[PDB]
Amino acid sequence: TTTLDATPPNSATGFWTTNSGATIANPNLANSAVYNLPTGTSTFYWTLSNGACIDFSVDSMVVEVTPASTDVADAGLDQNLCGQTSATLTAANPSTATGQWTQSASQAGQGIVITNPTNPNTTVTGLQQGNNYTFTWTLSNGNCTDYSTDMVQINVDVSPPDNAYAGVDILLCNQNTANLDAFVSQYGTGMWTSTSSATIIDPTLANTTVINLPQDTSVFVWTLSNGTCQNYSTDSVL
Amino acid sequence: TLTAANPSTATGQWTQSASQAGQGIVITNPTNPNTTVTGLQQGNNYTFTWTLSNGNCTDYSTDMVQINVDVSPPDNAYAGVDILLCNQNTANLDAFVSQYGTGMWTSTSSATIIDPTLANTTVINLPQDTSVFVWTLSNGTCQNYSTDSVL
């Protein structure tokens, strides 16, 4: 449903005609209403005449109708990377709509590049570690753009240089308890694990406490990790 | 399971912010007032909105349920080291201070405990015979995650 818009004549009488089923409520007015409108396009004609000077001058105007699409922006889920400079960033592939991946200019200016933006499932390159990247999926209809939006973030964690050190051989003669030690990593976190039965108090401390060490030697393992970097380094203490 | 009253003159659905949906939090069968939410992580907070609609008058009213998910921690209770008083009716207890939640001392015998929530609490009237103090760790809704004891 819409209205027409023609410029009224100075000294004549106007008239509208239609095509493809469109209906004009008042064909004699430059600003009349139109209620039947097919999808796609149709041409309306403005014919101007005066008295006996019939079909004197004409002009062409078109009305374009695009129905709402059923697809909505549907971006993939955020991800978490470790040491990568590239990733596939995803979205649902729409069928009644098209769209593209975009990013803020301030991030594009740092070298972050979206490959083939109009393809819903392409890679992003130039990602740096210790940072966060945001991509927006914008879906558009034929003539009704920015129909809907959604957004995927890439969190890129640092794959650190630190190695596990754990600590120094412990040796108990008459005691069933010990204080372990380890270098405290400056990246991420870490914890103690074991392959034998002993009770560990606060495994996430480098300085954890073993409260029931066996008679024979046991081994404690110090594992370092950082966010999505589930295991970057291990070593052990006897 | 996240719940709501089941309306009879109206229908509605559970929704969530896009920024939380993007982290993997999923509402099952949103139009059903009493369904589950999955993918919840510990140490976090989730918010769900119940939106009720009339036949042609949507967003008639709204309300909201929060899920607070506490961490079930790795720490064990350690409590402390056997105490032994020869001529003294008082002692300082000790315990590893948990890095998750809190904790406190309890007892099965008569002694007065000053500030039970300290690892380093004070016993001011220990009996003649041995007594036992119990160190219990807890975290928010995690009412009791670990216990051990000191003689």
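Here is how the numbers come out for the structure above:
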item	result
Calculated on alpha-carbon atoms, Rg and Dmax of region A:5-143 in Å	25.5, 83
Value of D in µm² per second that Stokes-Einstein yields for region A:92-153, Kirkwood Rh from Cα pairs, at 10 °C (1.306 mPa s)	128
Neighbouring partner chain Cβ atoms per residue of A:196-209, average, 10 Å criterion	3
Projected label distance in nm at A:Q175 and A:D55, using a 7 Å step from Cα toward the beta-carbon	11.3
Residue-averaged [θ]222 nm for chain B, counting only DSSP H segments that reach four residues, each worth -39500 (n - 2.57)	-500 deg cm²/dmol
Among A:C82, A:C173, A:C144, residue whose mean-square fluctuation peaks in a GNM of chain A (springs only between Cα atoms under 10 Å)	A:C173
Semi-axis lengths, Å, chain A, gyration tensor of Cα atoms, sqrt of 5 times eigenvalues	77, 16, 12
Compactness of region A:134-180 - radius of gyration and Dmax, Cα, Å	27.8, 83
Projected-area average for region A:78-186 over all orientations - Cα convex hull basis, square nanometres	10.7
Scattering profile of region A:160-238 at q = 0.11, 0.17 Å⁻¹ [log10 I(q)/I(0), Debye over alpha-carbon scatterers]	-0.27, -0.60
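Read-outs: derived from the displayed coordinates by stated rules, not from any lab. Note that each Cβ is placed from the backbone with ideal geometry, even for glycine, and that neighbours are counted across all protein chains shown.
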